[PDB]
Amino acid sequence: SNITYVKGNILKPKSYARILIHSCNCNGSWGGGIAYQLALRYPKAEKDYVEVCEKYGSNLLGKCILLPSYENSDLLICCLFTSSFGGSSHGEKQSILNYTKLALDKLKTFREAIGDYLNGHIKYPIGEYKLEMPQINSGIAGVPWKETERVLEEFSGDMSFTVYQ
Ligand SMILES: Nc1ncnc2c1ncn2[C@@H]1O[C@H](COP(=O)(O)OP(=O)(O)OC[C@H]2O[C@@H](O)[C@H](O)[C@@H]2O)[C@@H](O)[C@H]1O
């Protein structure tokens, strides 16, 4: 219903403006998984993330930041802070789903009208950007995807997601 499942590399470049959503940690570790691959291609976008994580630390749980790709005018990256440390040191599954859910709240409100880093970098109306993500949390975090799926399901009629399998 709310979701549209796609097969492919979310990282392969697209031709429409979009917002990439991935779950993150408060530790300033763009360590492994798809977080790390966004750190290689978008180093400017990493530096903002590390810098935000020392300024505010574990204060970002349940919150999201939108920061620009810098390499692509049409790609905005969006972190949802769901856990306080990257890697196997992660929080337990209930919080990460609670913290995913709150964080996506902050996004939804933002489009209906985080983005300190965005000044000048926002080519299009924010509601024109498509939202894409991998199966965030189904890897390092370990949260099965059924679980995270239904949080996105309960944002139906608010936002629509393209998910990359
Ligand atoms: N090269 C890769 N290329 C494309 N997609 C990938 C790749 N690696 C992983 N993915 C997909 O990205 C999704 C999530 O990426 P993860 O690496 O698993 O990160 P995740 O566990 O979802 O959540 C972020 C977590 O990382 C920690 O730092 C912290 O605990 C934070 O909560 C998974 O569905 C996984 O299938």
# chains A, B, ... in the order shown; residues from 1 in each chain; ligands from 1
call {"tool": "select_by_dssp", "arguments": {"residues": "region 18-108 of chain A", "states": "alpha helix (DSSP H)", "output": "ChimeraX atom specification"}}
result
/A:33-41,43-56,93-108
call {"tool": "residues_near_ligand", "arguments": {"ligand": "ligand 1", "cutoff": "8 Å", "atoms": "only C-alpha atoms and all ligand atoms", "output": "tab-separated table (two decimals) with N, CA and C atoms, in the first residue's frame"}}
result
chain	number	residue	atom	x	y	z
A	9	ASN	N	20.42	-1.17	-6.68
A	9	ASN	CA	21.31	-0.36	-5.87
A	9	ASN	C	20.67	1.00	-5.66
A	10	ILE	N	20.35	1.32	-4.41
A	10	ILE	CA	19.89	2.66	-4.10
A	10	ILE	C	20.97	3.68	-4.42
A	11	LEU	N	22.22	3.26	-4.46
A	11	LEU	CA	23.33	4.14	-4.75
A	11	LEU	C	23.52	4.44	-6.23
A	22	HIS	N	18.60	6.96	5.64
A	22	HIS	CA	19.18	5.80	6.28
A	22	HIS	C	19.27	6.07	7.78
A	23	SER	N	19.13	4.99	8.56
A	23	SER	CA	19.29	5.03	10.01
A	23	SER	C	20.75	5.24	10.39
A	24	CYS	N	20.96	5.95	11.50
A	24	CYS	CA	22.30	6.32	11.92
A	24	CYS	C	22.45	6.18	13.43
A	25	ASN	N	23.67	6.46	13.89
A	25	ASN	CA	24.05	6.49	15.30
A	25	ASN	C	24.49	7.89	15.67
A	29	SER	N	29.99	7.84	13.76
A	29	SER	CA	30.64	6.71	13.08
A	29	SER	C	29.86	6.38	11.81
A	30	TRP	N	30.28	6.95	10.67
A	30	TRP	CA	29.76	6.48	9.38
A	30	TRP	C	30.57	5.23	9.04
A	31	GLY	N	30.32	4.20	9.87
A	31	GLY	CA	31.19	3.05	10.04
A	31	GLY	C	31.10	1.99	8.96
A	32	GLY	N	30.00	1.23	8.97
A	32	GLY	CA	29.77	0.19	7.98
A	32	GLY	C	28.44	0.26	7.25
A	33	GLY	N	28.05	-0.83	6.61
A	33	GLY	CA	26.87	-0.82	5.77
A	33	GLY	C	26.71	0.40	4.87
A	34	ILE	N	25.47	0.68	4.46
A	34	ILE	CA	25.22	1.75	3.50
A	34	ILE	C	25.58	3.11	4.06
A	35	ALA	N	25.72	3.23	5.37
A	35	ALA	CA	26.25	4.47	5.92
A	35	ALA	C	27.65	4.71	5.39
A	36	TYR	N	28.49	3.68	5.43
A	36	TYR	CA	29.88	3.84	5.02
A	36	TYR	C	29.99	4.20	3.54
A	37	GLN	N	29.10	3.64	2.71
A	37	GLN	CA	29.19	3.91	1.27
A	37	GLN	C	28.77	5.32	0.94
A	81	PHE	N	18.50	9.41	13.59
A	81	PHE	CA	19.24	8.88	14.73
A	81	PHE	C	18.34	7.96	15.56
A	82	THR	N	18.68	6.66	15.54
A	82	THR	CA	17.93	5.62	16.23
A	82	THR	C	18.73	4.91	17.31
A	83	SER	N	20.01	5.23	17.45
A	83	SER	CA	20.84	4.52	18.40
A	83	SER	C	22.04	5.40	18.72
A	84	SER	N	22.62	5.18	19.89
A	84	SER	CA	23.65	6.07	20.39
A	84	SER	C	25.07	5.67	19.96
A	85	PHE	N	25.29	4.40	19.59
A	85	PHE	CA	26.58	3.96	19.05
A	85	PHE	C	26.42	3.04	17.85
A	86	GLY	N	27.30	3.22	16.87
A	86	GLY	CA	27.30	2.37	15.71
A	86	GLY	C	27.80	0.97	16.03
A	87	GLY	N	27.65	0.09	15.04
A	87	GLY	CA	28.17	-1.25	15.21
A	87	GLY	C	27.33	-2.12	16.15
A	88	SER	N	27.95	-3.25	16.53
A	88	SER	CA	27.42	-4.27	17.43
A	88	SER	C	27.11	-3.74	18.82
A	89	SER	N	27.48	-2.50	19.13
A	89	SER	CA	27.17	-1.90	20.42
A	89	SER	C	25.79	-1.24	20.44
A	90	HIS	N	24.88	-1.63	19.54
A	90	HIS	CA	23.67	-0.86	19.26
A	90	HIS	C	22.62	-1.05	20.36
A	91	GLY	N	21.67	-0.11	20.40
A	91	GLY	CA	20.56	-0.19	21.33
A	91	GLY	C	19.62	-1.34	21.01
A	96	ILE	N	15.03	1.31	18.93
A	96	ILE	CA	15.41	1.66	17.56
A	96	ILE	C	14.16	1.81	16.69
A	133	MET	N	15.16	4.69	0.53
A	133	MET	CA	15.91	4.12	1.65
A	133	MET	C	16.17	2.66	1.34
A	134	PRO	N	17.22	2.05	1.86
A	134	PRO	CA	17.29	0.59	1.88
A	134	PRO	C	16.42	0.09	3.03
A	135	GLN	N	16.45	-1.21	3.27
A	135	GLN	CA	15.71	-1.76	4.40
A	135	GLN	C	16.45	-1.38	5.68
A	136	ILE	N	16.40	-0.09	6.02
A	136	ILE	CA	17.14	0.42	7.16
A	136	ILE	C	16.77	-0.38	8.40
A	137	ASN	N	17.77	-0.69	9.22
A	137	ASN	CA	17.69	-1.43	10.47
A	137	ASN	C	17.79	-2.94	10.26
A	138	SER	N	17.57	-3.48	9.07
A	138	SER	CA	17.60	-4.92	8.87
A	138	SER	C	19.00	-5.46	8.73
A	139	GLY	N	20.01	-4.65	8.99
A	139	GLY	CA	21.37	-5.15	8.89
A	139	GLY	C	22.11	-5.07	10.20
A	140	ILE	N	23.00	-4.09	10.34
A	140	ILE	CA	23.75	-3.92	11.59
A	140	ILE	C	22.80	-3.88	12.78
A	141	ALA	N	21.73	-3.10	12.68
A	141	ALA	CA	20.82	-2.95	13.81
A	141	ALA	C	20.10	-4.26	14.16
A	142	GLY	N	19.88	-5.13	13.17
A	142	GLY	CA	19.28	-6.42	13.39
A	142	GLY	C	17.78	-6.44	13.50
A	143	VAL	N	17.13	-5.28	13.55
A	143	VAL	CA	15.68	-5.18	13.61
A	143	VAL	C	15.07	-5.81	12.37
A	145	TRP	N	12.77	-6.81	9.16
A	145	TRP	CA	12.24	-5.73	8.34
A	145	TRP	C	10.73	-5.60	8.44
A	164	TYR	N	14.32	-0.26	-1.44
A	164	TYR	CA	15.28	-0.96	-2.29
A	164	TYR	C	15.71	-2.27	-1.64
A	165	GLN	N	15.32	-3.40	-2.25
A	165	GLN	CA	15.60	-4.74	-1.72
A	165	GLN	C	16.96	-5.32	-2.12
call {"tool": "select_by_dssp", "arguments": {"residues": "chain A", "states": "strand (DSSP E)", "output": "number ranges by chain"}}
result
A: 3-6, 18-25, 64-68, 75-83, 130-134, 161-164
call {"tool": "write_last_selection", "arguments": {"atoms": "N, CA and C atoms", "output": "tab-separated table (two decimals), in the first residue's frame"}}
result
chain	number	residue	atom	x	y	z
A	3	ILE	N	4.12	1.53	0.66
A	3	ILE	CA	5.48	1.31	0.18
A	3	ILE	C	5.46	0.77	-1.24
A	4	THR	N	6.55	1.03	-1.95
A	4	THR	CA	6.79	0.51	-3.29
A	4	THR	C	8.17	-0.11	-3.29
A	5	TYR	N	8.23	-1.43	-3.31
A	5	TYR	CA	9.48	-2.15	-3.24
A	5	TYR	C	10.17	-2.21	-4.60
A	6	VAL	N	11.47	-1.89	-4.61
A	6	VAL	CA	12.29	-1.86	-5.82
A	6	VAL	C	13.48	-2.78	-5.63
A	18	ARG	N	15.57	13.42	-5.17
A	18	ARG	CA	15.20	12.45	-4.15
A	18	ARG	C	15.92	12.74	-2.84
A	19	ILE	N	15.42	12.10	-1.80
A	19	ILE	CA	15.96	12.16	-0.45
A	19	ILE	C	16.29	10.74	-0.04
A	20	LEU	N	17.56	10.48	0.26
A	20	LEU	CA	17.98	9.18	0.74
A	20	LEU	C	17.86	9.10	2.25
A	21	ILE	N	17.16	8.10	2.75
A	21	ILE	CA	16.94	7.97	4.18
A	21	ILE	C	17.70	6.75	4.69
A	22	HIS	N	18.60	6.96	5.64
A	22	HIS	CA	19.18	5.80	6.28
A	22	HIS	C	19.27	6.07	7.78
A	23	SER	N	19.13	4.99	8.56
A	23	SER	CA	19.29	5.03	10.01
A	23	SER	C	20.75	5.24	10.39
A	24	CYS	N	20.96	5.95	11.50
A	24	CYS	CA	22.30	6.32	11.92
A	24	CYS	C	22.45	6.18	13.43
A	25	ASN	N	23.67	6.46	13.89
A	25	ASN	CA	24.05	6.49	15.30
A	25	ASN	C	24.49	7.89	15.67
A	64	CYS	N	15.87	13.68	13.23
A	64	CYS	CA	16.48	13.51	11.92
A	64	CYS	C	17.14	14.82	11.49
A	65	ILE	N	18.16	14.70	10.66
A	65	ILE	CA	18.74	15.86	10.00
A	65	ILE	C	18.77	15.61	8.51
A	66	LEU	N	18.45	16.65	7.75
A	66	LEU	CA	18.56	16.67	6.31
A	66	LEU	C	19.85	17.40	5.97
A	67	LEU	N	20.74	16.72	5.26
A	67	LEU	CA	21.94	17.39	4.81
A	67	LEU	C	22.17	17.08	3.34
A	68	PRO	N	22.87	17.95	2.63
A	68	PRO	CA	22.96	17.80	1.18
A	68	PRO	C	24.03	16.80	0.77
A	75	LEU	N	20.12	15.00	-5.01
A	75	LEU	CA	20.19	14.03	-3.91
A	75	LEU	C	20.37	14.77	-2.59
A	76	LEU	N	19.37	14.66	-1.71
A	76	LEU	CA	19.48	15.01	-0.31
A	76	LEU	C	19.59	13.76	0.55
A	77	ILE	N	20.51	13.77	1.48
A	77	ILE	CA	20.66	12.66	2.42
A	77	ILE	C	19.97	13.03	3.72
A	78	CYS	N	19.38	12.03	4.36
A	78	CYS	CA	18.62	12.22	5.59
A	78	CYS	C	19.00	11.10	6.54
A	79	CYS	N	19.53	11.48	7.70
A	79	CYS	CA	19.86	10.58	8.80
A	79	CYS	C	18.69	10.56	9.79
A	80	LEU	N	18.32	9.36	10.26
A	80	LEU	CA	17.43	9.22	11.41
A	80	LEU	C	18.24	8.63	12.55
A	81	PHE	N	18.50	9.41	13.59
A	81	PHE	CA	19.24	8.88	14.73
A	81	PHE	C	18.34	7.96	15.56
A	82	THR	N	18.68	6.66	15.54
A	82	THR	CA	17.93	5.62	16.23
A	82	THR	C	18.73	4.91	17.31
A	83	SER	N	20.01	5.23	17.45
A	83	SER	CA	20.84	4.52	18.40
A	83	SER	C	22.04	5.40	18.72
A	130	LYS	N	11.39	12.75	-3.87
A	130	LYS	CA	10.97	11.39	-3.56
A	130	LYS	C	11.80	10.87	-2.40
A	131	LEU	N	11.20	10.05	-1.54
A	131	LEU	CA	11.90	9.46	-0.40
A	131	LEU	C	12.31	8.00	-0.67
A	132	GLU	N	13.61	7.73	-0.66
A	132	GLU	CA	14.10	6.38	-0.82
A	132	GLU	C	15.01	5.99	0.35
A	133	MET	N	15.16	4.69	0.53
A	133	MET	CA	15.91	4.12	1.65
A	133	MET	C	16.17	2.66	1.34
A	134	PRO	N	17.22	2.05	1.86
A	134	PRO	CA	17.29	0.59	1.88
A	134	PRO	C	16.42	0.09	3.03
A	161	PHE	N	6.97	5.89	0.40
A	161	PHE	CA	8.35	5.44	0.40
A	161	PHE	C	8.59	4.47	-0.74
A	162	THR	N	9.77	4.58	-1.34
A	162	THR	CA	10.31	3.61	-2.27
A	162	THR	C	11.40	2.82	-1.55
A	163	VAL	N	11.27	1.50	-1.46
A	163	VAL	CA	12.23	0.71	-0.70
A	163	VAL	C	12.99	-0.24	-1.62
A	164	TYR	N	14.32	-0.26	-1.44
A	164	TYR	CA	15.28	-0.96	-2.29
A	164	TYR	C	15.71	-2.27	-1.64
call {"tool": "atom_distance", "arguments": {"atom1": "CA of residue 72 (chain A)", "atom2": "CA of residue 14 (chain A)"}}
result
9.9 Å
call {"tool": "closest_residue", "arguments": {"among": "A:155, A:70, A:99, A:49", "to": "residue 119 (chain A)", "atoms": "only C-alpha atoms"}}
result
A:70
call {"tool": "closest_residue", "arguments": {"among": "A:158, A:69, A:125, A:63", "to": "residue 42 (chain A)", "atoms": "only C-alpha atoms"}}
result
A:69
call {"tool": "closest_residue", "arguments": {"among": "A:151, A:26, A:102, A:122", "to": "residue 53 (chain A)", "atoms": "only C-alpha atoms"}}
result
A:26
call {"tool": "decode", "arguments": {"residues": "region 134-164 of chain A", "atoms": "C-alpha atoms", "output": "PDB file, in the first residue's frame"}}
result
ATOM      1  CA  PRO A 134      17.286   0.593   1.882  1.00  0.00           C
ATOM      2  CA  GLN A 135      15.714  -1.760   4.403  1.00  0.00           C
ATOM      3  CA  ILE A 136      17.137   0.419   7.164  1.00  0.00           C
ATOM      4  CA  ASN A 137      17.688  -1.435  10.469  1.00  0.00           C
ATOM      5  CA  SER A 138      17.597  -4.920   8.869  1.00  0.00           C
ATOM      6  CA  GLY A 139      21.365  -5.147   8.888  1.00  0.00           C
ATOM      7  CA  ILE A 140      23.751  -3.924  11.590  1.00  0.00           C
ATOM      8  CA  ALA A 141      20.822  -2.954  13.812  1.00  0.00           C
ATOM      9  CA  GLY A 142      19.282  -6.424  13.395  1.00  0.00           C
ATOM     10  CA  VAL A 143      15.675  -5.176  13.613  1.00  0.00           C
ATOM     11  CA  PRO A 144      13.802  -7.584  11.240  1.00  0.00           C
ATOM     12  CA  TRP A 145      12.244  -5.725   8.339  1.00  0.00           C
ATOM     13  CA  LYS A 146       8.590  -6.723   8.946  1.00  0.00           C
ATOM     14  CA  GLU A 147       9.108  -4.731  12.127  1.00  0.00           C
ATOM     15  CA  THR A 148      10.377  -1.533  10.516  1.00  0.00           C
ATOM     16  CA  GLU A 149       7.986  -2.015   7.590  1.00  0.00           C
ATOM     17  CA  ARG A 150       4.939  -1.343   9.695  1.00  0.00           C
ATOM     18  CA  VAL A 151       6.260   1.967  11.061  1.00  0.00           C
ATOM     19  CA  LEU A 152       6.429   3.225   7.475  1.00  0.00           C
ATOM     20  CA  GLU A 153       2.996   1.666   6.958  1.00  0.00           C
ATOM     21  CA  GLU A 154       1.509   3.841   9.654  1.00  0.00           C
ATOM     22  CA  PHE A 155       2.759   6.968   7.875  1.00  0.00           C
ATOM     23  CA  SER A 156       0.365   6.201   4.993  1.00  0.00           C
ATOM     24  CA  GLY A 157      -1.397   9.261   3.592  1.00  0.00           C
ATOM     25  CA  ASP A 158       1.377  11.421   5.113  1.00  0.00           C
ATOM     26  CA  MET A 159       4.464  10.225   3.148  1.00  0.00           C
ATOM     27  CA  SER A 160       5.195   7.537   0.537  1.00  0.00           C
ATOM     28  CA  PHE A 161       8.350   5.437   0.403  1.00  0.00           C
ATOM     29  CA  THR A 162      10.312   3.605  -2.274  1.00  0.00           C
ATOM     30  CA  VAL A 163      12.227   0.714  -0.699  1.00  0.00           C
ATOM     31  CA  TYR A 164      15.283  -0.957  -2.293  1.00  0.00           C
TER      32      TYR A 164
END
